[PDB]
Amino acid sequence: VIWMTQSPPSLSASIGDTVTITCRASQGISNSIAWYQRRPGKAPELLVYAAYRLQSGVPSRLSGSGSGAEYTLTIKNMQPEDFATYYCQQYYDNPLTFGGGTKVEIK
Amino acid sequence: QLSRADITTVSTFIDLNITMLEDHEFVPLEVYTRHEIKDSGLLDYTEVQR
Amino acid sequence: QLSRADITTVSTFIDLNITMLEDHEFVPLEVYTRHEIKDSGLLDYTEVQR
Amino acid sequence: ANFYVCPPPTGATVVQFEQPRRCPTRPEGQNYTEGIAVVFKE
Amino acid sequence: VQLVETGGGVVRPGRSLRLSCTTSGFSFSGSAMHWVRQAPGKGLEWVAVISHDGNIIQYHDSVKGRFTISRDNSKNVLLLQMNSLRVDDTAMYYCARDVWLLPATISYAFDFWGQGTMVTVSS
Amino acid sequence: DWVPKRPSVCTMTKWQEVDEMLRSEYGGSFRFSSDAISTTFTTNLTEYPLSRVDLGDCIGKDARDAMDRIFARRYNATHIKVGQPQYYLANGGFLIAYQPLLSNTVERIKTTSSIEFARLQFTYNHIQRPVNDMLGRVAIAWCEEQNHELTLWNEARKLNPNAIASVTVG
Amino acid sequence: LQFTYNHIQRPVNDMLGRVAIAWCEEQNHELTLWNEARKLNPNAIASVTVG
Ligand SMILES: *[C@@H]1O[C@H](CO)[C@@H](O[C@@H]2O[C@H](CO)[C@@H](O[C@@H]3O[C@H](CO[C@H]4O[C@H](CO[C@H]5O[C@H](CO)[C@@H](O)[C@H](O)[C@@H]5O)[C@@H](O)[C@H](O[C@H]5O[C@H](CO)[C@@H](O)[C@H](O)[C@@H]5O)[C@@H]4O)[C@@H](O)[C@H](O[C@H]4O[C@H](CO)[C@@H](O)[C@H](O)[C@@H]4O)[C@@H]3O)[C@H](O)[C@H]2NC(C)=O)[C@H](O)[C@H]1NC(C)=O
Ligand SMILES: *[C@@H]1O[C@H](CO)[C@@H](O[C@@H]2O[C@H](CO)[C@@H](O)[C@H](O)[C@H]2NC(C)=O)[C@H](O)[C@H]1NC(C)=O
Ligand SMILES: *[C@@H]1O[C@H](CO)[C@@H](O)[C@H](O)[C@H]1NC(C)=O
Ligand SMILES: *[C@@H]1O[C@H](CO)[C@@H](O)[C@H](O)[C@H]1NC(C)=O
Ligand SMILES: *[C@@H]1O[C@H](CO)[C@@H](O)[C@H](O)[C@H]1NC(C)=O
């Protein structure tokens, strides 16, 4: 099992600033990793795939990066609809494991 | 009024028949497998010693 | 006086595109080299006797 | 089938044919050089 | 697109329960399906996966041999027959479709998620 | 020195590391053709269960190690990994560990002692596929040309129906 | 295999090159007929050529 360490578990940001969420795996997974977003009271929705492929309709201002066992998700311009829980999941080897989750909130 | 096929028709085109090359599947084939070559020896030091 | 390209042009020819076969280079390839086949034996009379 | 009503044309729209295209050059033949050879193996 | 799940409820430990997930808005026969659970106040965890045609099945080590995933392309409905439940299985089960990137491959990622249903194991 | 068996012995050895392995389906079977080594392998479209290979733990490790190194070396800046690796049992006794890519734009396997059967498949396919493509264009062009000549024969007949009818009638 | 592929590619390409050259020479030859056929009936000639 590939454990997924996600940090910071919780941080606050203002509307119109930059944020960076780091996700780390227990072993090198090349680029097999996905990012999700779950707003309060709704089901999760995919954002990025393979750490670089942005999903259709996702804002261009949101992007991910990294390699090996280190990955990060960044947003250059936060919007009121971006404050939500973000999870990082890997698919390099089974079983699929999710990250601890990081809740971005208003500061 | 008469149909179009009621009058004799002559082909004014110079027909050229083109038959594409049919797909071919190659199966493995060996005159003597590696096992047969090994068995060709009258005696085997490995089996004799064992 | 007007240039030749000022009037719309229609191709009266029936284009036929011909793509020559690209050159291919074949590299050596063996499933098991003669050294590997020799090493497949558990014991070698030559080395054991030596 | 469909009939067609063609009004007389005028100089508003003009079309021309394409000029003869230069044909491709003949493919270059192989540059072989005859010679005797002996292949050696390990 | 819309995903609906039915079959949730309260069940005693060691008993069997069968869930169902209806789909609409996408070619069910041309996309794999996955099952995800969300325990109360915990993180997400994958459950199983069923290919587009159901030829290959993969499970999680915590549910291997206990659960049973299946699908019916004719009725475009996904099912997950659960047996030998445990207290640790209490979680919100979600049915999600894979990310369609190629014709017959499994992306092992989630693009569409359902509303989810509760499955509480209590005695 | 003592060591565990499963992680020390294998029944399959990594033979070749192909950077470009094109997979196509025709005639009810997948065909993995490699342009680098000039080889074509045929399978049954069903992923061979890796658990069926006796002592084959080194195959998930070796296959993934080569895929990660090859992907980062050449496919990181232009392609994306799609799904997990897929293992297919090819004709002749060759196990192919495949990793699909997308553009941004218990028993023992008996391997044959000669891959020349597969090389001929690639050579024939490399010569049949294009020749047929050029046989198909010539046929299409000929038909388009013949339909083009009709516009001239419809007018040439009025100038001299005797000569036009003679050649056309036979 | 290298010789076999070369023995089949070299000639086939030579015959693919002659056909292409002959086609171009033929098309340029037809223009001499279309330039005159248009005067006989510009309606039919323009229809097929214009599309
Ligand atoms: C031979 O090779 C070909 C490759 O050339 C191979 O695959 C065929 O390739 C074509 C072209 O790519 C395929 O057509 C595409 O298939 C997609 C179908 O979408 C599925 O998923 C939809 C939802 O997910 C997609 O979209 C979301 C965003 O909306 C995105 O986040 C996801 O990641 C994912 O990409 C889902 O809606 C859809 O179901 C709808 O559509 C189908 C018809 O397509 C209909 O039956 C359903 O009822 C429903 O309405 C489906 O489940 C899709 O990406 C793509 O869409 C583009 O094109 C269409 C026009 O065709 C546009 O309208 C649209 O906006 C997009 O631009 C497109 O349809 C085709 O499906 C493949 N064929 C097969 C059989 O799989 C062949 O398979 C190969 N053959 C062999 C024998 O191997
Ligand atoms: C691919 O599948 C075919 C069937 O589709 C397999 O054919 C079997 O071959 C064995 C050989 O001993 C026969 O006993 C079986 O009767 C065949 N099955 C059928 C349904 O005809 C074939 O072996 C498979 N090939 C590979 C490489 O796995
Ligand atoms: C094939 O070509 C010949 C002329 O060579 C023609 O008579 C025939 O109709 C064509 N088609 C078939 C189906 O034979
Ligand atoms: C190739 O042939 C097509 C017709 O099949 C033609 O339209 C095209 O211009 C030709 N040349 C190129 C460079 O595509
Ligand atoms: C892969 O490419 C991305 C850009 O697509 C780049 O940021 C990254 O550093 C590359 N990774 C490696 C390991 O070369």
# chains A, B, ... in the order shown; residues from 1 in each chain; ligands from 1
$ residues_near_ligand --ligand "ligand 1" --cutoff "9 Å" --atoms "only C-alpha atoms and all ligand atoms" --output "number ranges by chain"
A: 46, 55-57; E: 1, 24-31, 97-104, 111-112; F: 24-26
$ write_last_selection --atoms "N, CA, C and O atoms" --output "mmCIF file, in the first residue's frame"
data_model
loop_
_atom_site.group_PDB
_atom_site.id
_atom_site.type_symbol
_atom_site.label_atom_id
_atom_site.label_comp_id
_atom_site.auth_asym_id
_atom_site.auth_seq_id
_atom_site.Cartn_x
_atom_site.Cartn_y
_atom_site.Cartn_z
ATOM 1 N N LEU A 46 -13.175 15.902 -9.953
ATOM 2 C CA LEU A 46 -11.783 15.824 -10.370
ATOM 3 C C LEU A 46 -11.289 17.156 -10.922
ATOM 4 O O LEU A 46 -12.031 17.885 -11.585
ATOM 5 N N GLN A 55 -8.394 19.017 -16.075
ATOM 6 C CA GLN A 55 -9.673 18.525 -16.559
ATOM 7 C C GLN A 55 -10.399 19.603 -17.354
ATOM 8 O O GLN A 55 -10.183 20.802 -17.165
ATOM 9 N N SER A 56 -11.268 19.160 -18.258
ATOM 10 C CA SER A 56 -12.026 20.088 -19.086
ATOM 11 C C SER A 56 -12.950 20.932 -18.219
ATOM 12 O O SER A 56 -13.673 20.406 -17.369
ATOM 13 N N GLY A 57 -12.923 22.243 -18.440
ATOM 14 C CA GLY A 57 -13.760 23.155 -17.684
ATOM 15 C C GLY A 57 -13.170 23.645 -16.382
ATOM 16 O O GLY A 57 -13.761 24.522 -15.746
ATOM 17 N N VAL E 1 -25.162 14.974 -16.619
ATOM 18 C CA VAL E 1 -24.895 13.626 -16.045
ATOM 19 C C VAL E 1 -25.507 13.538 -14.654
ATOM 20 O O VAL E 1 -25.548 14.528 -13.925
ATOM 21 N N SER E 24 -26.839 7.642 -15.831
ATOM 22 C CA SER E 24 -27.511 8.342 -16.915
ATOM 23 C C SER E 24 -26.603 9.464 -17.392
ATOM 24 O O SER E 24 -25.813 10.016 -16.623
ATOM 25 N N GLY E 25 -26.724 9.794 -18.677
ATOM 26 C CA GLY E 25 -25.937 10.850 -19.274
ATOM 27 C C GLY E 25 -24.634 10.427 -19.919
ATOM 28 O O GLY E 25 -23.980 11.270 -20.544
ATOM 29 N N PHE E 26 -24.230 9.164 -19.795
ATOM 30 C CA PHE E 26 -22.988 8.701 -20.402
ATOM 31 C C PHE E 26 -23.130 7.238 -20.793
ATOM 32 O O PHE E 26 -24.005 6.519 -20.304
ATOM 33 N N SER E 27 -22.245 6.802 -21.687
ATOM 34 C CA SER E 27 -22.236 5.424 -22.166
ATOM 35 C C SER E 27 -21.735 4.522 -21.048
ATOM 36 O O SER E 27 -20.531 4.422 -20.801
ATOM 37 N N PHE E 28 -22.667 3.858 -20.359
ATOM 38 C CA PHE E 28 -22.287 2.973 -19.264
ATOM 39 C C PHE E 28 -21.466 1.793 -19.765
ATOM 40 O O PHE E 28 -20.507 1.371 -19.108
ATOM 41 N N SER E 29 -21.826 1.243 -20.926
ATOM 42 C CA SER E 29 -21.103 0.105 -21.477
ATOM 43 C C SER E 29 -19.680 0.445 -21.897
ATOM 44 O O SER E 29 -18.868 -0.475 -22.045
ATOM 45 N N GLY E 30 -19.361 1.722 -22.098
ATOM 46 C CA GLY E 30 -18.035 2.141 -22.512
ATOM 47 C C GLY E 30 -17.165 2.778 -21.452
ATOM 48 O O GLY E 30 -16.195 3.460 -21.807
ATOM 49 N N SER E 31 -17.462 2.595 -20.167
ATOM 50 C CA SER E 31 -16.664 3.190 -19.103
ATOM 51 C C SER E 31 -16.705 2.314 -17.862
ATOM 52 O O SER E 31 -17.751 1.754 -17.520
ATOM 53 N N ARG E 97 -17.611 6.954 -11.873
ATOM 54 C CA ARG E 97 -17.168 6.476 -13.173
ATOM 55 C C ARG E 97 -15.721 6.883 -13.404
ATOM 56 O O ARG E 97 -15.263 7.908 -12.896
ATOM 57 N N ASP E 98 -15.001 6.077 -14.180
ATOM 58 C CA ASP E 98 -13.608 6.382 -14.459
ATOM 59 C C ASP E 98 -13.502 7.558 -15.424
ATOM 60 O O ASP E 98 -14.485 7.976 -16.040
ATOM 61 N N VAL E 99 -12.286 8.089 -15.560
ATOM 62 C CA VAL E 99 -12.062 9.195 -16.486
ATOM 63 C C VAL E 99 -11.818 8.598 -17.860
ATOM 64 O O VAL E 99 -10.843 7.864 -18.069
ATOM 65 N N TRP E 100 -12.700 8.898 -18.806
ATOM 66 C CA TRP E 100 -12.545 8.350 -20.145
ATOM 67 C C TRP E 100 -11.446 9.097 -20.884
ATOM 68 O O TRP E 100 -11.608 10.270 -21.239
ATOM 69 N N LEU E 101 -10.336 8.419 -21.112
ATOM 70 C CA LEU E 101 -9.179 8.946 -21.826
ATOM 71 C C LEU E 101 -8.849 8.111 -23.051
ATOM 72 O O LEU E 101 -8.368 8.653 -24.048
ATOM 73 N N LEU E 102 -9.103 6.809 -22.999
ATOM 74 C CA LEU E 102 -8.879 5.876 -24.089
ATOM 75 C C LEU E 102 -10.076 4.932 -24.168
ATOM 76 O O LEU E 102 -10.871 4.846 -23.225
ATOM 77 N N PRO E 103 -10.247 4.219 -25.288
ATOM 78 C CA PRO E 103 -11.417 3.339 -25.431
ATOM 79 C C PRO E 103 -11.646 2.253 -24.383
ATOM 80 O O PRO E 103 -12.720 2.235 -23.774
ATOM 81 N N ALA E 104 -10.688 1.344 -24.168
ATOM 82 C CA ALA E 104 -10.874 0.233 -23.238
ATOM 83 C C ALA E 104 -9.978 0.234 -22.004
ATOM 84 O O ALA E 104 -10.023 -0.740 -21.244
ATOM 85 N N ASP E 111 -14.086 10.830 -12.196
ATOM 86 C CA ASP E 111 -14.431 12.099 -12.898
ATOM 87 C C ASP E 111 -15.858 12.502 -12.527
ATOM 88 O O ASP E 111 -16.100 13.718 -12.405
ATOM 89 N N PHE E 112 -16.764 11.539 -12.366
ATOM 90 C CA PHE E 112 -18.154 11.764 -11.994
ATOM 91 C C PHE E 112 -18.456 10.948 -10.748
ATOM 92 O O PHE E 112 -18.129 9.760 -10.685
ATOM 93 N N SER F 24 -2.749 -2.277 -31.957
ATOM 94 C CA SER F 24 -3.893 -2.152 -32.845
ATOM 95 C C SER F 24 -4.712 -3.430 -32.768
ATOM 96 O O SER F 24 -4.185 -4.509 -32.488
ATOM 97 N N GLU F 25 -6.011 -3.295 -33.018
ATOM 98 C CA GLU F 25 -6.945 -4.411 -32.974
ATOM 99 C C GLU F 25 -7.575 -4.618 -34.343
ATOM 100 O O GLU F 25 -8.205 -3.705 -34.888
ATOM 101 N N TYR F 26 -7.410 -5.820 -34.886
ATOM 102 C CA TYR F 26 -7.983 -6.180 -36.173
ATOM 103 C C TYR F 26 -8.004 -7.698 -36.256
ATOM 104 O O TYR F 26 -7.071 -8.371 -35.809
#
$ residues_near_ligand --ligand "ligand 2" --cutoff "12 Å" --atoms "only C-alpha atoms and all ligand atoms" --output "mmCIF file with N, CA and C atoms, in the first residue's frame"
data_model
loop_
_atom_site.group_PDB
_atom_site.id
_atom_site.type_symbol
_atom_site.label_atom_id
_atom_site.label_comp_id
_atom_site.auth_asym_id
_atom_site.auth_seq_id
_atom_site.Cartn_x
_atom_site.Cartn_y
_atom_site.Cartn_z
ATOM 1 N N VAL B 27 2.933 -17.929 -38.157
ATOM 2 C CA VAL B 27 2.913 -18.758 -36.954
ATOM 3 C C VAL B 27 4.343 -19.149 -36.590
ATOM 4 N N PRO B 28 4.659 -19.397 -35.316
ATOM 5 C CA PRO B 28 6.030 -19.795 -34.972
ATOM 6 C C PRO B 28 6.402 -21.104 -35.650
ATOM 7 N N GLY F 27 -9.079 -8.232 -36.826
ATOM 8 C CA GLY F 27 -9.204 -9.673 -36.929
ATOM 9 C C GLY F 27 -9.434 -10.335 -35.590
ATOM 10 N N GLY F 28 -9.987 -9.602 -34.628
ATOM 11 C CA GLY F 28 -10.243 -10.151 -33.311
ATOM 12 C C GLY F 28 -9.005 -10.477 -32.508
ATOM 13 N N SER F 29 -7.993 -9.609 -32.531
ATOM 14 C CA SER F 29 -6.775 -9.849 -31.770
ATOM 15 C C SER F 29 -5.897 -8.609 -31.796
ATOM 16 N N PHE F 30 -5.281 -8.321 -30.652
ATOM 17 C CA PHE F 30 -4.383 -7.180 -30.538
ATOM 18 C C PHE F 30 -3.055 -7.521 -31.192
ATOM 19 N N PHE F 41 3.838 -8.704 -32.312
ATOM 20 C CA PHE F 41 3.308 -9.742 -31.439
ATOM 21 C C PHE F 41 1.787 -9.734 -31.480
ATOM 22 N N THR F 42 1.187 -10.923 -31.435
ATOM 23 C CA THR F 42 -0.261 -11.092 -31.466
ATOM 24 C C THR F 42 -0.744 -11.683 -30.146
ATOM 25 N N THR F 43 -1.863 -11.160 -29.638
ATOM 26 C CA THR F 43 -2.435 -11.617 -28.375
ATOM 27 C C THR F 43 -3.914 -11.937 -28.567
ATOM 28 N N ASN F 44 -4.602 -12.172 -27.440
ATOM 29 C CA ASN F 44 -6.019 -12.530 -27.414
ATOM 30 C C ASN F 44 -6.922 -11.439 -26.829
ATOM 31 N N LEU F 45 -6.424 -10.210 -26.673
ATOM 32 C CA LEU F 45 -7.183 -9.078 -26.131
ATOM 33 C C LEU F 45 -7.483 -9.188 -24.640
ATOM 34 N N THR F 46 -7.125 -10.301 -24.001
ATOM 35 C CA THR F 46 -7.386 -10.514 -22.585
ATOM 36 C C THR F 46 -6.077 -10.396 -21.819
ATOM 37 N N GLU F 47 -6.059 -9.523 -20.816
ATOM 38 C CA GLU F 47 -4.860 -9.339 -20.015
ATOM 39 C C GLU F 47 -4.511 -10.638 -19.306
ATOM 40 N N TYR F 48 -3.335 -11.165 -19.595
ATOM 41 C CA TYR F 48 -2.902 -12.402 -18.971
ATOM 42 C C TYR F 48 -2.736 -12.158 -17.475
ATOM 43 N N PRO F 49 -3.461 -12.870 -16.585
ATOM 44 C CA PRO F 49 -3.288 -12.611 -15.147
ATOM 45 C C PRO F 49 -1.866 -12.868 -14.683
ATOM 46 N N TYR F 88 -0.075 -8.796 -21.306
ATOM 47 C CA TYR F 88 -0.721 -9.593 -22.342
ATOM 48 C C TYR F 88 0.181 -10.751 -22.743
ATOM 49 N N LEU F 89 -0.415 -11.928 -22.923
ATOM 50 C CA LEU F 89 0.324 -13.112 -23.336
ATOM 51 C C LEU F 89 0.294 -13.169 -24.859
ATOM 52 N N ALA F 90 1.435 -12.921 -25.485
ATOM 53 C CA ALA F 90 1.531 -12.911 -26.936
ATOM 54 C C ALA F 90 1.818 -14.297 -27.499
ATOM 55 N N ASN F 91 1.575 -14.435 -28.801
ATOM 56 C CA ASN F 91 1.820 -15.694 -29.482
ATOM 57 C C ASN F 91 3.310 -16.001 -29.468
ATOM 58 N N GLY F 92 3.640 -17.283 -29.315
ATOM 59 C CA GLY F 92 5.014 -17.720 -29.265
ATOM 60 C C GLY F 92 5.581 -17.860 -27.868
ATOM 61 N N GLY F 93 4.876 -17.381 -26.848
ATOM 62 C CA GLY F 93 5.345 -17.492 -25.478
ATOM 63 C C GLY F 93 6.011 -16.256 -24.920
ATOM 64 N N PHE F 94 5.611 -15.073 -25.381
ATOM 65 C CA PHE F 94 6.171 -13.816 -24.907
ATOM 66 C C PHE F 94 5.135 -13.030 -24.114
ATOM 67 N N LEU F 95 5.513 -12.644 -22.897
ATOM 68 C CA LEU F 95 4.662 -11.859 -22.013
ATOM 69 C C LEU F 95 5.039 -10.400 -22.226
ATOM 70 N N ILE F 96 4.071 -9.591 -22.641
ATOM 71 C CA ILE F 96 4.294 -8.182 -22.942
ATOM 72 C C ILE F 96 3.623 -7.322 -21.879
ATOM 73 N N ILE F 109 5.450 -20.200 -18.555
ATOM 74 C CA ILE F 109 5.341 -19.826 -19.960
ATOM 75 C C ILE F 109 6.527 -20.384 -20.735
ATOM 76 N N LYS F 110 6.235 -21.037 -21.859
ATOM 77 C CA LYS F 110 7.246 -21.625 -22.726
ATOM 78 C C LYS F 110 7.479 -20.685 -23.900
ATOM 79 N N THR F 111 8.641 -20.037 -23.916
ATOM 80 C CA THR F 111 9.000 -19.092 -24.962
ATOM 81 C C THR F 111 9.698 -19.796 -26.116
#
$ residues_around --residues "region 3-19 of chain D" --least-positions-apart "2" --cutoff "9 Å" --atoms "only C-alpha atoms" --output "number ranges by chain"
C: 7-13; D: 1, 21; G: 28, 31, 35, 46, 49-50
$ write_last_selection --atoms "N, CA, C and O atoms" --output "PDB file, in the first residue's frame"
ATOM      1  N   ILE C   7      -7.345  36.226 -60.298  1.00  0.00           N
ATOM      2  CA  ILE C   7      -8.551  35.503 -60.690  1.00  0.00           C
ATOM      3  C   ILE C   7      -8.583  34.173 -59.955  1.00  0.00           C
ATOM      4  O   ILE C   7      -7.541  33.531 -59.763  1.00  0.00           O
ATOM      5  N   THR C   8      -9.779  33.751 -59.545  1.00  0.00           N
ATOM      6  CA  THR C   8      -9.915  32.480 -58.849  1.00  0.00           C
ATOM      7  C   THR C   8      -9.515  31.344 -59.781  1.00  0.00           C
ATOM      8  O   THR C   8      -9.867  31.340 -60.965  1.00  0.00           O
ATOM      9  N   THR C   9      -8.768  30.382 -59.242  1.00  0.00           N
ATOM     10  CA  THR C   9      -8.281  29.241 -60.009  1.00  0.00           C
ATOM     11  C   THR C   9      -8.869  27.949 -59.463  1.00  0.00           C
ATOM     12  O   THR C   9      -8.969  27.771 -58.244  1.00  0.00           O
ATOM     13  N   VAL C  10      -9.251  27.054 -60.372  1.00  0.00           N
ATOM     14  CA  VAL C  10      -9.811  25.750 -60.039  1.00  0.00           C
ATOM     15  C   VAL C  10      -8.910  24.694 -60.660  1.00  0.00           C
ATOM     16  O   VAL C  10      -8.558  24.780 -61.843  1.00  0.00           O
ATOM     17  N   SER C  11      -8.532  23.701 -59.860  1.00  0.00           N
ATOM     18  CA  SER C  11      -7.648  22.643 -60.332  1.00  0.00           C
ATOM     19  C   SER C  11      -8.409  21.700 -61.256  1.00  0.00           C
ATOM     20  O   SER C  11      -9.324  20.993 -60.823  1.00  0.00           O
ATOM     21  N   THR C  12      -8.019  21.682 -62.533  1.00  0.00           N
ATOM     22  CA  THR C  12      -8.652  20.800 -63.504  1.00  0.00           C
ATOM     23  C   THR C  12      -8.027  19.412 -63.516  1.00  0.00           C
ATOM     24  O   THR C  12      -8.479  18.557 -64.286  1.00  0.00           O
ATOM     25  N   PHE C  13      -7.009  19.171 -62.692  1.00  0.00           N
ATOM     26  CA  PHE C  13      -6.329  17.886 -62.618  1.00  0.00           C
ATOM     27  C   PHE C  13      -6.864  17.062 -61.459  1.00  0.00           C
ATOM     28  O   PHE C  13      -7.327  17.608 -60.452  1.00  0.00           O
TER      29      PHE C  13
ATOM     30  N   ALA D   1     -32.817  12.822 -58.797  1.00  0.00           N
ATOM     31  CA  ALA D   1     -32.482  13.863 -59.808  1.00  0.00           C
ATOM     32  C   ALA D   1     -33.131  15.193 -59.440  1.00  0.00           C
ATOM     33  O   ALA D   1     -34.170  15.224 -58.781  1.00  0.00           O
ATOM     34  N   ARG D  21       1.530  21.658 -63.900  1.00  0.00           N
ATOM     35  CA  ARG D  21       2.436  21.550 -62.766  1.00  0.00           C
ATOM     36  C   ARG D  21       3.719  20.843 -63.179  1.00  0.00           C
ATOM     37  O   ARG D  21       3.696  19.891 -63.963  1.00  0.00           O
TER      38      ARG D  21
ATOM     39  N   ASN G  28      -1.222  17.163 -67.110  1.00  0.00           N
ATOM     40  CA  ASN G  28      -0.827  18.326 -67.893  1.00  0.00           C
ATOM     41  C   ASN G  28      -1.246  18.153 -69.347  1.00  0.00           C
ATOM     42  O   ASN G  28      -1.432  19.141 -70.066  1.00  0.00           O
ATOM     43  N   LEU G  31      -5.088  19.131 -69.926  1.00  0.00           N
ATOM     44  CA  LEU G  31      -5.391  20.559 -69.969  1.00  0.00           C
ATOM     45  C   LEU G  31      -5.557  21.047 -71.402  1.00  0.00           C
ATOM     46  O   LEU G  31      -6.353  21.956 -71.660  1.00  0.00           O
ATOM     47  N   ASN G  35      -9.094  23.010 -72.317  1.00  0.00           N
ATOM     48  CA  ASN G  35      -9.079  24.386 -72.807  1.00  0.00           C
ATOM     49  C   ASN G  35      -9.983  24.550 -74.023  1.00  0.00           C
ATOM     50  O   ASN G  35     -10.494  25.649 -74.269  1.00  0.00           O
ATOM     51  N   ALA G  46     -17.633  23.775 -66.764  1.00  0.00           N
ATOM     52  CA  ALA G  46     -17.516  24.540 -65.528  1.00  0.00           C
ATOM     53  C   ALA G  46     -18.146  23.801 -64.352  1.00  0.00           C
ATOM     54  O   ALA G  46     -17.645  23.875 -63.223  1.00  0.00           O
ATOM     55  N   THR G  49     -15.705  21.033 -63.174  1.00  0.00           N
ATOM     56  CA  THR G  49     -14.468  21.611 -62.656  1.00  0.00           C
ATOM     57  C   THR G  49     -14.696  22.450 -61.406  1.00  0.00           C
ATOM     58  O   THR G  49     -13.877  22.403 -60.479  1.00  0.00           O
ATOM     59  N   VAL G  50     -15.785  23.218 -61.350  1.00  0.00           N
ATOM     60  CA  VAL G  50     -16.055  24.052 -60.184  1.00  0.00           C
ATOM     61  C   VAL G  50     -16.551  23.238 -58.991  1.00  0.00           C
ATOM     62  O   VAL G  50     -16.357  23.661 -57.843  1.00  0.00           O
TER      63      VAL G  50
END
$ atom_distance --atom1 "CA of residue 38 (chain G)" --atom2 "atom 9 (O, counted along the ligand's line) of ligand 4"
24.8 Å
$ residues_around --residues "region 3-16 of chain G" --least-positions-apart "6" --cutoff "8 Å" --atoms "only C-alpha atoms" --output "VMD selection string"
(chain C and resid 18 20 to 21 23 to 24) or (chain D and resid 27) or (chain F and resid 123 127)
$ residues_near_ligand --ligand "ligand 4" --cutoff "8 Å" --atoms "only C-alpha atoms and all ligand atoms" --output "ChimeraX atom specification"
/C:15-18 /F:137
$ write_last_selection --atoms "N, CA, C and O atoms" --output "PDB file, in the first residue's frame"
ATOM      1  N   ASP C  15      -5.821  15.131 -58.669  1.00  0.00           N
ATOM      2  CA  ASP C  15      -4.620  14.880 -57.820  1.00  0.00           C
ATOM      3  C   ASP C  15      -4.484  13.419 -57.386  1.00  0.00           C
ATOM      4  O   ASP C  15      -5.515  12.827 -56.999  1.00  0.00           O
ATOM      5  N   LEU C  16      -3.267  12.860 -57.445  1.00  0.00           N
ATOM      6  CA  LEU C  16      -2.976  11.485 -56.954  1.00  0.00           C
ATOM      7  C   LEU C  16      -1.724  11.576 -56.069  1.00  0.00           C
ATOM      8  O   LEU C  16      -0.623  11.733 -56.634  1.00  0.00           O
ATOM      9  N   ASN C  17      -1.882  11.483 -54.747  1.00  0.00           N
ATOM     10  CA  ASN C  17      -0.746  11.610 -53.791  1.00  0.00           C
ATOM     11  C   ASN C  17       0.018  10.288 -53.733  1.00  0.00           C
ATOM     12  O   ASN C  17      -0.639   9.255 -53.508  1.00  0.00           O
ATOM     13  N   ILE C  18       1.340  10.316 -53.923  1.00  0.00           N
ATOM     14  CA  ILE C  18       2.180   9.082 -53.884  1.00  0.00           C
ATOM     15  C   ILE C  18       3.240   9.225 -52.779  1.00  0.00           C
ATOM     16  O   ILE C  18       4.149  10.060 -52.959  1.00  0.00           O
TER      17      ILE C  18
ATOM     18  N   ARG F 137      -5.174   4.465 -53.310  1.00  0.00           N
ATOM     19  CA  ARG F 137      -5.165   5.814 -53.866  1.00  0.00           C
ATOM     20  C   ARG F 137      -5.181   5.774 -55.387  1.00  0.00           C
ATOM     21  O   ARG F 137      -5.879   6.575 -56.019  1.00  0.00           O
TER      22      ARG F 137
END
$ interface_residues --of "chain A" --to "chain E" --cutoff "10 Å" --atoms "only C-alpha atoms" --output "ChimeraX atom specification"
/A:1,32-36,41-50,55,87,89-101
$ closest_atom_pairs --of "chain F" --to "chain C" --cutoff "9 Å" --atoms "only C-alpha atoms" --output "CSV"
residue,atom,partner,partner_atom,distance
F:15,CA,C:31,CA,7.7
F:35,CA,C:24,CA,8.9
F:36,CA,C:27,CA,8.2
F:37,CA,C:27,CA,6.3
F:38,CA,C:26,CA,6.6
F:111,CA,C:31,CA,8.7
F:112,CA,C:31,CA,8.0
F:113,CA,C:31,CA,6.2
F:114,CA,C:31,CA,6.2
F:115,CA,C:31,CA,6.3
F:116,CA,C:30,CA,8.5
F:127,CA,C:21,CA,8.1
F:130,CA,C:21,CA,7.0
F:131,CA,C:21,CA,8.2
F:134,CA,C:18,CA,6.7
F:137,CA,C:16,CA,6.8
F:138,CA,C:16,CA,6.9
F:140,CA,C:16,CA,8.6
F:141,CA,C:16,CA,5.9
F:142,CA,C:14,CA,8.7
F:144,CA,C:14,CA,6.7
F:145,CA,C:14,CA,6.1
F:148,CA,C:14,CA,8.1
$ residues_near_ligand --ligand "ligand 5" --cutoff "6 Å" --atoms "only C-alpha atoms and all ligand atoms" --output "PyMOL selection string"
(chain A and resi 67) or (chain F and resi 72+76-77)
$ select_by_dssp --residues "chain F" --states "helix (DSSP H, G or I)" --output "VMD selection string"
chain F and resid 50 to 52 57 to 75 116 to 159 161 to 169
$ residues_around --residues "residue 117 (chain E)" --least-positions-apart "6" --cutoff "6 Å" --atoms "only C-alpha atoms" --output "VMD selection string"
chain E and resid 8 92 to 93
$ write_last_selection --atoms "C-alpha atoms" --output "PDB file, in the first residue's frame"
ATOM      1  CA  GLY E   8     -28.259   2.052   2.018  1.00  0.00           C
ATOM      2  CA  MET E  92     -20.764   6.701   2.976  1.00  0.00           C
ATOM      3  CA  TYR E  93     -20.434   4.645  -0.200  1.00  0.00           C
TER       4      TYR E  93
END
